[PDB]
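If you want the building blocks of each chain, they are given just below.
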Amino acid sequence: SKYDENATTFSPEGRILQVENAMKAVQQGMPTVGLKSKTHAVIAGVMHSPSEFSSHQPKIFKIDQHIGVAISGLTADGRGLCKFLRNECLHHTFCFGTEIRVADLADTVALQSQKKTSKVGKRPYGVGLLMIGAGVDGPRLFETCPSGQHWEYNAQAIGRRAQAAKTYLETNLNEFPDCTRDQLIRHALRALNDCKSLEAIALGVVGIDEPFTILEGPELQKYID
Amino acid sequence: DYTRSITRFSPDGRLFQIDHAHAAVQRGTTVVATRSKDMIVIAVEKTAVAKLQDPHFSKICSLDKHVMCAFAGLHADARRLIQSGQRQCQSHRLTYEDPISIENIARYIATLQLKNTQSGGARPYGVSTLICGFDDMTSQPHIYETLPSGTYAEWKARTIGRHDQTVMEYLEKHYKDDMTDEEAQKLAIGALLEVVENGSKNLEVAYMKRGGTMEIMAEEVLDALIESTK
Amino acid sequence: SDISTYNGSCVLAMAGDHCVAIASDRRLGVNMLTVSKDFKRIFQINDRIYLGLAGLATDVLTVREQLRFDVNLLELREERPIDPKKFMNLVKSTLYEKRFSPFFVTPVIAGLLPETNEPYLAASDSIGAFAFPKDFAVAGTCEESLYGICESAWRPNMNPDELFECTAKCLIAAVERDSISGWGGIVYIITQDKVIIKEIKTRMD
Amino acid sequence: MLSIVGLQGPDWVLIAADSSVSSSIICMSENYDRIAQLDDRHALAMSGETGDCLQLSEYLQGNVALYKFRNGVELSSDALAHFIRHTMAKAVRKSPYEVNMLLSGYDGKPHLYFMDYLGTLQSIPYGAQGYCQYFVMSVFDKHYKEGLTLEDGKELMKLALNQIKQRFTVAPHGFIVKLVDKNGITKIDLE
Amino acid sequence: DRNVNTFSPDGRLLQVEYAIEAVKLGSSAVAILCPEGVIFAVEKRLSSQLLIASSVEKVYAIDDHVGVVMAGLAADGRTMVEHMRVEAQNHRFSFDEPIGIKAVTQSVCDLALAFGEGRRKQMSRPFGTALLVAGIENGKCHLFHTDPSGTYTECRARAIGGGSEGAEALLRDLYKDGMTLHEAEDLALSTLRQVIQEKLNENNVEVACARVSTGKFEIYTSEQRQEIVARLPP
Amino acid sequence: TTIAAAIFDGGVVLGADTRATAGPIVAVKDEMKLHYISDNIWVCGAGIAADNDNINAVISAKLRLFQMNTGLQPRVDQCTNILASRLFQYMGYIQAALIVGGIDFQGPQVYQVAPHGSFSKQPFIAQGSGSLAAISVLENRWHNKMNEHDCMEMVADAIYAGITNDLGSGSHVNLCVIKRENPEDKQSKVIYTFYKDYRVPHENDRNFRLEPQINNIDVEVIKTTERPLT
Amino acid sequence: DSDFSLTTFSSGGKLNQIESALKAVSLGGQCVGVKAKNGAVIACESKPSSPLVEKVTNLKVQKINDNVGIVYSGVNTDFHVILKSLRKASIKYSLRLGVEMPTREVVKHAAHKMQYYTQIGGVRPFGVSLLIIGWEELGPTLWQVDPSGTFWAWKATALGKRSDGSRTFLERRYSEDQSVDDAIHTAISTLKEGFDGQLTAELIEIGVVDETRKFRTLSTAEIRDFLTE
Amino acid sequence: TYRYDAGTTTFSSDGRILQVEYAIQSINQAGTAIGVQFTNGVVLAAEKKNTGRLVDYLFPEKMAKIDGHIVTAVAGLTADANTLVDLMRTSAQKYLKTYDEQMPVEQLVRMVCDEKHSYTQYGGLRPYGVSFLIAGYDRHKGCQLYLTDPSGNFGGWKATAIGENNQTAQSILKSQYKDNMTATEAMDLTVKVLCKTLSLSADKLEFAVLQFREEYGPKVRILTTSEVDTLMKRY
Amino acid sequence: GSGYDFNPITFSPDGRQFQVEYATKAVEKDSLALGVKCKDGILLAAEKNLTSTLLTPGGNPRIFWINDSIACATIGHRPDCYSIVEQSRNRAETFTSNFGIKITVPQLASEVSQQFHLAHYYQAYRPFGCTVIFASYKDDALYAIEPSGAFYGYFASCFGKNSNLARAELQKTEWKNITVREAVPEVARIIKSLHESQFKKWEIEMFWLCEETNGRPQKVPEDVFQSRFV
Ligand SMILES: *C(=O)[C@]1([C@@H](O)[C@@H]2C=CCCC2)NC(=O)[C@@H]2CCO[C@@]21C
């Protein structure tokens, strides 16, 4: 409590309490789920509707043609990170002319978040990103943390009620590598359904040859069964 | 450079630094700006040692030949506001050749105060400013009150500084929708006198006539109007 | 042609018997055109220091004002008048700070040493290459003419009258051979007691 | 190479300027007011590219007004002249204003200053910027008398402008003359 | 804590939540979207009759097609609307088209959370203003809500200010997707009147419509505000 | 200009003419081209007089500050490195062709530094316009471990050769003999003896002058005013 | 961001950091200065950390220029920084004006630097008080420069350890008519008064400005010559 | 960070910058400085902060010249006073370079007060704990005397005081100050007010006499120790 | 306890850098990673206690490439771990830009310890809660930098939880006597013996730099040693 002053302050236990507060800010975001097959990767999430007549706040974003990120936490910080990631993809498609690897984007966003947590006067991004990419590296899923680190996953859940989604993913973890695009999307939607408190769920799906695309609302009806 | 975010929100949602800047304003001398169809009048009460100092240090300033400006609050923060406002009037002339709109210059002063409320390492101006003047582009005299918060609002008759609520009540009671220039003078003078127990030797009254510059009321005409109001 | 030749100037300083004499043409010319005959090129820098700036009128005024800024600041911060040698080094610093965008004025410092009252002439080029002639310091577009006339004419130990005599005559000879210089002369005789400012008559063509 | 001519009198200053603005070989306007009224007391005739003259005039007028408003005192004619000189001295070395000016001001005393793009400041009884000086200075020298009346002053300025019209190859199609006196800057016609 | 960009143990930016509170201290404003247009009805708080109502305008036209109503700090909202106007004119300059409502909303939101402290020379605190951005894009009216946190959401109906929660509760059973612009104006003014502490009048209210038929965000005049307040059931 | 420094057994002899020309005209006939750097180091410079004077003053200040802070005797190679770096960073625009001549723990050292920053340790060096006329004497009369007087005469004769053969050089030969106060004691204090006007060529003096100076210019004084000197 | 000023006025108008730096001066080693008719003197009790210290390597009495000299009391490193700055200012003054920086100009530059460090942020005031001697036109001058940047001019003063007792001693045993030798004797006696045990020429450094108007540090031989008498 | 920051450029619950109020209190703890305007000049007087049997009163401590027409007495931190006097001298000479005219007194006072205010509103730095009695002459407003504050607030005063017992000195001036006084009368008034408020040794006092003469112009002379002693012995 | 633990640059009255000690605590919390120098190369083995079974098998690296000859095992705060990895890559690239050759682990460790030290030496930085073991066979170097910035070459380094026991076990083997392929089973046995039962799923991320890799960093192939365990 007394050491929860800055992101630059270590608590006597080695913990950065402001970093942990930002991580909790991510854990307070709406349920986000990511999956990874040998051919496709999926990010889905129950978008948040602050008001009854307000639309669901977009949660899935397309960083590059085969890269997308699902934000969980401060959506403004998520948009800032999306801007940064799109700049990184545009400078990798400028310097090298090809699409960056989602692993490199995870590295860059982790570096930026760590620099936010290592210099005073900066706050960790209050948003965690489930980034799915596809390329020469294959489909890859990364959960980037406010602390400045990204964890590579075959599946993952973050935000609120994400323990049920994590349990579902653990149960079906060995199914995912062979799951087709349609089956991976179905698994994503059925991991989110366990988190239900659809027109709220937005799902970005990418493949090795399939460019990243965002499906929302009725477009996902075919993947419920 | 130094950026300590002097102005931050409180749990109840208040910028305590803006409250303190308003307190600084409310310890400043009373200013009363009133308008007529063709003339604006500003009356600032003056606290001074008449036998030992020159009363020529005026709260009323002229940002431009058409923009009159009075203030309540810290005289140094007000001097900075007036200096920046004069610079902005001349820069608007440089950039447009047209006299700066009274709304434009009032917005600029309010935005200066607001930037001080927003810039780290910058103390909000402890000054509330009455930016008055005439626009040929609108054919309307204007009197805007810019606050330390950076909010500016046009008024038919506004007062700032100490005793601002009593003078506001006086203005509300004795305001006419279509006052003549002398009626505006009488309203401003009487509103200031309602809290001041001294005549011309204390009050300072300036005015701006349609398509005119700022003229400071004499110590003879001011006293005559004071007696007429009483 | 040349920027220095734009404003014709002719500044002279001579050393006498415990007295200096700084004379200057009074013409503000623009190339070949006479604009004024009341142009001040000699400025009093201190009670016993006079500075004649022979060169571009722009840089004459700029350098004079910059050295009045420096001398006033020095005398305020030190409560003491600036010495002729201290002011010479100040002018050298001022010109060499703009060495690579030089002022197009050659300064001529005519002063008297604070205590000994000895003559002190100090003429530099545009960039503060100060010389300290014990006899005469010349500057301006009449530089060759002034050098020639003062080499033969200047004599040691000239009293204020004789020092004025050559300062005026020698400057007249210089300006009358310079087309862009002349139109009246002004000679400041600096002595122990008084400064005598004599406006001398030169050719007005 | 525009013809601006100043003539200082005992208690007035007649400042005239070429009223013909031009683009290349085209006389765009025949009544362009090249004289800039920086203050109610000071009229600055400017010879140079119309854009440079306009920008410098606006900068100087804004600075004069800013001095009048910041401090409750108006610049003198010597103070304004040296402020213009400082501006030109700054400009020449870095980003030069290619304008040669005649600053005519009345602050209880008539003043006429010969100013150039470099920054040479000189109070003059009469003068000109452009090639017109080559034509008008002599006429002033020939016909200027100390204590010249305002009517004699207008006659002498008219003579100088007529000399510009007659002998200068690029004869200005007309001049705008302004009288700077205790009453301010008033535009006049010399006929 | 004690620094602006600090996270509570609950995972909230404390300055952001306090700016949300500041918005809750601002004047009420109801934005009702209907297929014909988006209608703002805003409480103009007049501390005196001498206060020129047109000068405390809580509604700002960002562009011809898009407008904005503020709640909270009028000066921070002025900064936000200034940024939005610059963004709209820059977008018209760069892409020869009106800026999308979502696009300008996202731009001002990105500006919103760029506050910082402790780093050498930026705003030092979040904007204490929530905007109801609305406008006509591609023959459609779009209504967006920005709050100090920098999050924006598209809204069919929204409320910002002191009566925001009560206004939303009243809108629960009062708002429908197919209302006419007449009905949208009536609902906005009714909700505002219900969530303000003074009798509704044309002078203490500001009404503005991003109208699809005109394709423009106009601000209603006193006559139009009277034309709406007259129809209200009270 | 003719500047020439050589190294004799006990030290260094630097020499310079005293003629500064403002083009084809001899501006100065007693110009000082030998610049004191430190008690052990003197630089005789050619090129632009302002550049030489200023760079020598600046490096003398640098080495005086060095000797003060560090208590260390400035080194001739140290002075030469500072001079060469400064002249290189100005890309030869500081036209100061310098000859550093000093005595440090490494003994008597003479370095040349070109205006562009190219330095070189040489036993005898001649720079300036008459540098060739001087170097001839230096080439023919310099030998390893010559005594002080022979090196003095050689450097003076080289400066005189530059004076007579070169138009840019003339007037007198100023010498500066850096030497250890006790030549037999290599650790003794390095002192300098400056021989101003070491050579005053009599054939190069003003040999004629009108005893009655003939002048037919009469001064007409327009106006006279006398002002006190205080 | 540490650009905030750590030297700030306290509730009563007392710059606590200035008082703290002054206390650092008061525990920084006694240094005395005495202004004679024909010169000035500044000595200090420079007792080394150990007999193994080489005195010349950390002389407390130092030259600012040919005419001005400085002794200090307080943080040795702060004095060295101020001394380098003052010597650099003097050489700059020589470059711009051809003469050594005047004594009062050196004092005012030291005072300006110290005030600057008492006002700008991220720094503490210099924890040294400087006794600067040098000649002005009207004669020799001794100047105290405090951490605040306020500079007294003294006929005599001590400002280090037990400096109150030493200043009372100077008040009691100082006369204007003292010569430079008399001033050196007065400074040595003041150091003896405020020093425990027998004073030694090794343990004190003396720097004097005399009729020559040039500042010179007395060698240990000269200091011992003065002590023996 | 900012744990050990004093909020020098931050407002207090009352609305006054507590660092400016503490600077004002520091001034009130400093030697009294008094200014009095007479017909064609202003006399400034001050009490030296460094006053001992050993202190050598070589040069003015509280009194400084800003230009040939402007002089300043100071109450408060003498170091901040020296810094702002250097800044004022540079500003006056800058105005002279720009306009070839002596800087108007009100504009130099506004410049030093803008500096002092900037230290109270930006940068989180310590305020200038000095109050200047800036006496001077300009053609515009004749001879003027301005009282500056650490806040950056200034006001013209016919006669005023700052420092210790500044209120007592102000009351004495109010009871005794006359208009259109002579240089001698105003100097004697300053002596009386100092003697009553303030010991009283002449060498402990500093005097400067700005005087505008149509012939010589505005002349500033800071009275030397001999002049101060002769003037005080006359009371 | 006392307040000396908030500012990284603050020293405890015992000379302890409490923030550096807390960064070291962050290192000690993490699962142990170690490195051993062997005859054929250097083997870096990082224990990855997989928090979730969903983590990619073989993903989430703790050993990183720094150069085509330098690998980097990382312990502690993984954000700081990868920050230091990327800063080491940048330092190697800058070293190549300035000097052309590829950096060596000793001087790479010095350059990165410079950043480690700057973190707790200048304010406005957080000490890196990570220990980085740079290994290079081509430099025969195994240098571990600690959170303080203390870097030492090791014959066998190890940091993290149970690092003392891991070092004690590494001490039992003369690693240079054996090659990397026979070192892998020994290190794997060490970590498995120290692996805590609470972590069911986990991995041994082994990398080696050897002649078999031509000195290039390379993850130990799965066939050689299946890194994944249950
Ligand atoms: C010498 O090179 C020379 C002198 O003015 C000389 C310059 C440097 C030291 C001071 C005196 N430089 C010149 O420009 C002329 C040209 C011929 O050589 C000069 C006399």
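Residues numbered from 1 in each chain as written, not as in the entry; some residues may be left out. Chains lettered and ligands numbered in written order. Part of a larger assembly, values for the part shown. Heavy atoms only, no water. Residues with missing side-chain atoms left out of burial classes, pairs and counts.

- The deposited coordinates derive from cryo-EM, with the record listing a resolution of 2.89 Å.

1. Side note on the overall build of chain D
Step number 1: Broken down by element type, chain D carries four helices and 12 strands.
Step number 2: Computed over C-alpha atoms, the radius of gyration of chain D comes to 15 Å, within 12% of the 16 Å expected from 2.2 N^0.38 for 191 residues, which places it in the range of a compact globule.
Step number 3: By its C-alpha atoms, chain D is 45 × 40 × 25 Å across when sized along the principal axes.
Step number 4: Counting contacts in chain D only where the partners sit at least 6 residues apart, residues at least 24 apart contribute 61% of the total. (Helix = DSSP H or I, 4+ residues; strand = E, 2+ residues; numbered from the N terminus. Rg over C-alpha atoms; globule rule 2.2 N^0.38 Å. Contact = heavy atoms within 4.5 Å.)

2. A closer look at the site of the ligand
All names here are of chain F.
Step number 1: Looking at the ligand, there are 13 residues lining it, with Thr-1, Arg-19, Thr-21, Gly-47 and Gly-168 nearest.
Step number 2: Within the side chain of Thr-1, one N or O atom sits 2.3 Å away from an oxygen atom of the ligand.
Step number 3: Here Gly-47 contributes a backbone N or O atom positioned 2.6 Å from a nitrogen atom of the ligand.
Step number 4: Considered on its own, the ligand offers 420 Å² of accessible surface; in the complex 81% of this is hidden by protein.
Step number 5: Among the elements of the structure, β3 (20-21), β6 (41-47) and α1 (49-70) are those that each provide at least two residues to the shell around the ligand.
Step number 6: Element by element, the count of residues in the shell around the ligand is highest for β6, at three residues.
Step number 7: Its residues assigned to classes, the shell around the ligand comprises four nonpolar, six polar and three charged. (Near = heavy atom within 4 Å. Polar contact = N/O pair within 3.5 Å; in protein donor to acceptor, adjacent residues only side chain to side chain. Areas by Shrake-Rupley, 256 points an atom, 1.4 Å probe, with all protein chains shown as cover. Nonpolar A, V, L, I, M, F, W, Y, C, P; charged D, E, K, R; others polar.)

3. A few points about the interface of chain E and chain B
Step number 1: Taken residue by residue, the interface counts 36 residues in chain E and 38 residues in chain B.
Step number 2: Approximately 2,800 Å² of surface area, both sides summed, lies buried where chain E meets chain B, with 57% of it carried by carbon and sulfur atoms.
Step number 3: Inspection of the chain E/chain B interface yields one salt bridge.
Step number 4: The residue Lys121(E) makes a salt bridge to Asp1(B) at a minimum N-O spacing of 3.7 Å.
Step number 5: Summed over the shared surface of chain E and chain B, the number is 12 residue pairs in polar contact.
Step number 6: The set of elements that each furnish at least two residues to the side of chain E that touches chain B consists of α1 (14-24) and α2 (74-95) of chain E.
Step number 7: In terms of residue count, the dominant contributor to the side of chain E that touches chain B is α2(E) (six residues).
Step number 8: Of the residues in the side of chain E that touches chain B, the class split is 15 nonpolar, 11 polar and 10 charged. (Buried area = accessible area lost by both parts, 1.4 Å probe. Salt bridge = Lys/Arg side-chain N within 4 Å of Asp/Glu carboxyl O.)

4. A few points about the nonpolar core
Step number 1: Counting residues in each nonpolar core, the largest one holds 128 residues, and the members touching the most others are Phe87(C), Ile84(D), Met101(D), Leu130(G), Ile132(G), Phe132(H) and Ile134(H).
Step number 2: Setting aside residues up to four positions removed in sequence, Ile84(D) forms contacts with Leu38(D), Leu44(D), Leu60(D), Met101(D), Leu103(D) and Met115(D). (Core = buried A, V, L, I, M, F, W, Y, C linked by side-chain atoms within 4.5 Å. Buried < 20%, exposed > 50% of the residue type's maximum accessible area, 1.4 Å probe, protein only.)

5. Thoughts on empty space enclosed by the protein
Step number 1: Put simply, the largest cavity is a space of about 70 Å³.
Step number 2: Residue lining of the largest cavity: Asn6(A), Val120(A), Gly121(A), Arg2(E), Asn3(E), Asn5(E), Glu117(E), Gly118(E), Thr1(H) and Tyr2(H), and that is the complete set.
Step number 3: In terms of residue class, the lining of the largest cavity is built from two nonpolar, six polar and two charged. (1 Å grid on protein atoms, 1.4 Å probe; cavity = no way out; pocket = protein on both sides within 12 Å on 5 of 7 lines; lining within 4 Å. Points joined across faces, edges and corners; volume = space filled by probe spheres on them.)

6. Section: the state of the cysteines
Step number 1: Counted according to the given criterion, the structure contains two disulfides over all chains.
Step number 2: The disulfide that involves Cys10(C) links it to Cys142(C), with 2.0 Å between the sulfurs. Here the disulfide of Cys10(C) and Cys142(C) is right-handed, its torsion about the S-S bond being about 90 degrees. Pair noted here: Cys10(C) is in strand β1 (residues 10-15) and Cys142(C) is in the loop between β9 (136-140) and α3 (143-153), with a separation of 132 residues, a long-range link. Across the pair, exposure class does not vary: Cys10(C) and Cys142(C) are buried alike.
Step number 3: Through a disulfide, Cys166(C) is tied to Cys170(C); the S-S separation comes to 2.1 Å. Measuring handedness by torsion sign, the sulfur bridge of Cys166(C) and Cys170(C) sits at about -120 degrees and is left-handed. Pair noted here: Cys166(C) and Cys170(C) are both in helix α4 (residues 160-176), with a separation of four residues, about one helical turn. This pair shows no difference in class: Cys166(C) is buried, exactly as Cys170(C) is.
Step number 4: Free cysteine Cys44(G): the closest other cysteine sulfur is in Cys31(G), separated by 6.7 Å. (Disulfide = S-S within 2.5 Å.)

7. As for the sheet that holds strand β1 (residues 33-38) of chain H
Hydrogen bonds between backbone groups are what pair the strands of a sheet, and the pairing can be parallel or antiparallel.
Residues and elements named next belong to chain H.
Step number 1: Spatial ordering of the open sheet is given by β8-β1-β2-β9-β10, a layout of five strands whose pairing is antiparallel. In this open sheet, the two strands that pair with only one neighbour each are β8 (159-162) and β10 (217-223). Strand-to-strand, the axes of this sheet are offset by a mean angle of 10 degrees, without reference to chain direction.
Step number 2: Each of β1, β2 (41-47), β9 (205-213) and β10 is contacted by helix α5 (residues 183-197), which is oriented at about 155 degrees to β1, the strand it contacts most.
Step number 3: Across the sheet, helix α6 (residues 225-233) lies against β9 and β10, angled at about 85 degrees from β10, the strand it touches most. (Pairing = 2+ DSSP bridges. Axes fitted to C-alpha atoms, helices over the stretch in contact; angles between N-to-C directions.)

8. Thoughts on helix α5 (residues 181-193) of chain B
Residue and element names in this part refer to chain B.
Step number 1: Helix length check: α5, at 13 residues, gives a terminal C-alpha distance of 18 Å against a target of 18 Å (1.5 Å per residue), a fit within 8%.
Step number 2: Of all 13 residues in α5, 10 are buried; the element is thus mostly enclosed.
Step number 3: Of all the residues in α5, the buried ones are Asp-181, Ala-184, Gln-185, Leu-187, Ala-188, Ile-189, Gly-190, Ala-191, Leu-192 and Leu-193. (Expected span 1.5 Å × (residues − 1).)

9. Some details on the environment of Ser169(F)
Step number 1: Secondary-structure assignment places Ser169(F) in the loop between α4 (148-165) and β11 (173-180).
Step number 2: Apart from residues lying up to four places away in sequence, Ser169(F) is in contact with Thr1(F), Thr2(F), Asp17(F), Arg19(F), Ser129(F), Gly130(F), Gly162(F) and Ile163(F).

10. Notes on the packing of aromatic side chains
Step number 1: Evaluation of the coordinates by the stated rule reveals 45 aromatic pairs over all chains.
Step number 2: On the basis of an interplanar angle of 80 degrees and a centroid distance of 5.9 Å, the ring pair of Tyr36(F) and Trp42(F) is categorised as edge-to-face.
Step number 3: Classification of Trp42(F) by relative accessible area gives buried; the value is 7%.
Step number 4: Measuring from centroid to centroid gives 5.7 Å for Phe225(I) and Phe229(I), while their planes differ by 45 degrees, and the two rings are tilted.
Step number 5: For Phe225(I), a relative accessible area of 10% puts it in the buried group. (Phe/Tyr/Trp six-rings, centres within 6.5 Å; stacked < 30°, edge-to-face > 60°.)

11. As for a nonpolar patch on the surface
Step number 1: Among the surface-exposed residues, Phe100(C), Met91(F) and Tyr93(F) lie close enough to one another that they form a single nonpolar patch of about 350 Å² accessible area.
Step number 2: With respect to the element layout, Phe100(C) can be found in the loop between α2 (84-97) and β7 (105-112).
Step number 3: Since its relative accessible area comes to 43%, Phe100(C) is described here as partly exposed. (Patch = residues over 30% accessible without salt bridge, like charges linked within 9 Å, V, L, I, M, F, W, Y side chains within 5 Å.)

12. Focus on helix α4 (residues 164-172) of chain E
All names here are of chain E.
Step number 1: Among all positions in α4, only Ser-164, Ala-167, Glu-168 and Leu-171 are buried. Projected onto a plane normal to the axis of α4, the buried residues spread over an arc of 100 degrees and lie on a single side. Exposed side chains of α4 directed beyond 90 degrees from the buried face belong to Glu-165 and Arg-172.
Step number 2: The inward-facing, buried residues of α4 abut β1 (29-34), β8 (157-160) and α5 (181-195). (Arc of directions from axis to C-beta.)

13. Thoughts on the interface of chain C and chain H
Step number 1: In this assembly, nine residues from chain C lie in contact with 13 residues from chain H.
Step number 2: Roughly 1,100 Å² of surface becomes buried between chain C and chain H when both sides are summed, with 57% attributable to carbon and sulfur atoms.
Step number 3: By the criterion of area lost to chain H, the three top residues of chain C are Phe69(C), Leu76(C) and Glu79(C), representing 48% of everything that side buries.
Step number 4: Put simply, chain C and chain H have one salt bridge between them.
Step number 5: Note that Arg68(C) and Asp100(H) form a salt bridge whose closest N and O atoms lie 2.6 Å from each other.
Step number 6: At the junction of chain C with chain H, the criterion picks out five residue pairs in polar contact.
Step number 7: Residue composition of the side of chain C that touches chain H, by class: three nonpolar, two polar and four charged.

14. Topic: the arrangement of the chains
Step number 1: Ranked by contact count, the leading pair among the 19 pairs of chains in contact consists of chains B and E.
Step number 2: The least C-alpha distance between chain B and chain F, which are not in contact, is 31 Å.

15. Section: the sheet that holds strand β10 (residues 213-216) of chain A
All names here are of chain A.
Step number 1: Strand order in this open sheet of five strands is β8-β1-β2-β9-β10, and the pairing throughout is antiparallel. On the outer flanks of this sheet lie β8 (155-158) and β10, each paired with one strand and no other. Neighbour-to-neighbour, the strand axes of this sheet turn through a mean angle of 15 degrees, independent of strand direction.
Step number 2: Pairing geometry for strand β1 (residues 32-36) and β8, over four bridges, is antiparallel. The residue bridging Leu-35 from the neighbouring strand is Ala-155, located in β8.
Step number 3: Against the sheet, helix α4 (residues 162-171) touches β1 and β8, its axis set at about 170 degrees to β8.

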